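Here are the chains, one letter per residue:
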Amino acid sequence: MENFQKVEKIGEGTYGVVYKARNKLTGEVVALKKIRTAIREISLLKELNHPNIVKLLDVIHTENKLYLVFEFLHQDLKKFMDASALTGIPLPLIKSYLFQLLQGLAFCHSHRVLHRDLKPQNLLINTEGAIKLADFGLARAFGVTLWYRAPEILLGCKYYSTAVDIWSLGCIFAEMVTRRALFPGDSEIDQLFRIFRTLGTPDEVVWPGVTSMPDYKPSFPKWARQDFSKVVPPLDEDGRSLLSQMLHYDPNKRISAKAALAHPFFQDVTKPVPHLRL
Ligand SMILES: CCn1cnc2c(Nc3cccc(Cl)c3)nc(N[C@@H]3CCCC[C@@H]3N)nc21
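Residues numbered from 1 in each chain as written, not as in the entry; some residues may be left out. Heavy atoms only, no water.

Structure determination for this entry is recorded as X-ray crystallography, at 1.30 Å resolution.

Structural data, given as structure tokens:
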């Protein structure tokens, strides 16, 4: 830690406190995360290299405490969404952000790395219009907002697939468009029933095997499904189609990141500049 200076606290991440730090030998400004089997597997994440993934620079194990050194970005998507809530993020920028996030997820999924806990606070942005995913692979290597959790997680499935990340990103997409969280649960059951009240209570027809899930209860409220045009207005039918595919209940059938990239919603994608106030 004497290898850094002006070490300054940004705030709480998922696994510990994130600091902004300046490296001694290089003058590099980095993000240093102090975390409250895992060493080798986190170390392997130093090999991931993609424009839409926050680079993991170094892993430091000292005094039985783990420090992860990452590339530094200046803002998260939560802050940007809050700053933009008056006016809304323009559609072309939502589109660009979604496209980029999908490309990051396509890459990680193709290397068998899941996120498992995507949320606007782990999506980081810069002045050039890039958005990047922070924390891939940490949940598996290591072994609180529920708002983005997939229904198979809430129903107690033990085996996690890449579909959980698509669900979370769909929730984020909806939130960028409406300005409000899609399923802001206050408890695990409230999270599940908010999903249920919007998308309808799942059944064997739309989700084979759901009623044998660990936490499934045959006494679960039987709500009808609502229309997407009620859920994410005034999003156009391309965007509503893609979101419907990202929020399919059956994880085997939820759209993949690769397939989502091909959706007609992205035919006119561009890369706008955000106006960031730093
Ligand atoms: C470890 C990867 N990593 C790289 N750059 C960051 C980073 N930059 C940042 C700097 C100023 C304001 C904001 Cl909003 C974010 N912030 C976080 N995490 C924060 C945890 C506290 C709340 C804000 C952020 N979510 N991690 C970063």
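(A) Region of interest: the pattern of salt bridges. Under the criterion given, the structure shown has 11 salt bridges. For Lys119, the salt bridge identified is with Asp117, shortest N-O distance 3.2 Å. Where salt bridges share partners, they join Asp117, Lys119 and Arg149 into one cluster. (Salt bridge = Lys/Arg side-chain N within 4 Å of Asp/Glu carboxyl O.)

(B) Expanded view of the pairing of strand β5 (residues 65-71). Buried residues dominate β5, accounting for 5 of its 7 residues. Sheet topology note: the strand β4 (residues 56-62)/β5 ladder contains 6 bridges and is antiparallel. In the strand pairing of β5, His61 is matched with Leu66. Connecting the antiparallel pair β4 and β5 is a turn made up of 2 residues, with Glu63 showing a positive phi of about 60 degrees. (Buried < 20%, exposed > 50% of the residue type's maximum accessible area, 1.4 Å probe, protein only. Helix = DSSP H or I, 4+ residues; strand = E, 2+ residues; numbered from the N terminus. Pairing = 2+ DSSP bridges.)

(C) Summary view of empty space enclosed by the protein. Taken as a whole, the largest cavity encloses approximately 100 Å³ of empty space. Lining the largest cavity, in full, are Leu45, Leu48, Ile53, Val54, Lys55, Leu56, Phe70, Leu133, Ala134, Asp135, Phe136 and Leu138. Grouping the amino acids of the lining of the largest cavity by side-chain chemistry returns 10 nonpolar, no polar and 2 charged. Looking at which domains feed residues into the lining of the largest cavity, each of domain 1 (1-74) and domain 2 (75-275) supplies at least three. (1 Å grid on protein atoms, 1.4 Å probe; cavity = no way out; pocket = protein on both sides within 12 Å on 5 of 7 lines; lining within 4 Å. Points joined across faces, edges and corners; volume = space filled by probe spheres on them. Nonpolar A, V, L, I, M, F, W, Y, C, P; charged D, E, K, R; others polar. Domains from an automatic or database assignment.)

(D) Expanded view of the pairing of strand β2 (residues 16-23). Pairing geometry for strand β1 (residues 4-12) and β2, over 6 bridges, is antiparallel. Residue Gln5 lies in a different strand from β2, and its bridge partner there is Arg22. Linking two consecutive strands that pair antiparallel, namely β1 and β2, is a turn of 3 residues. Across 7 bridges, β2 lies against strand β3 (residues 29-35) in antiparallel orientation. Within β3, the residue paired with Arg22 across the bridge is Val29.

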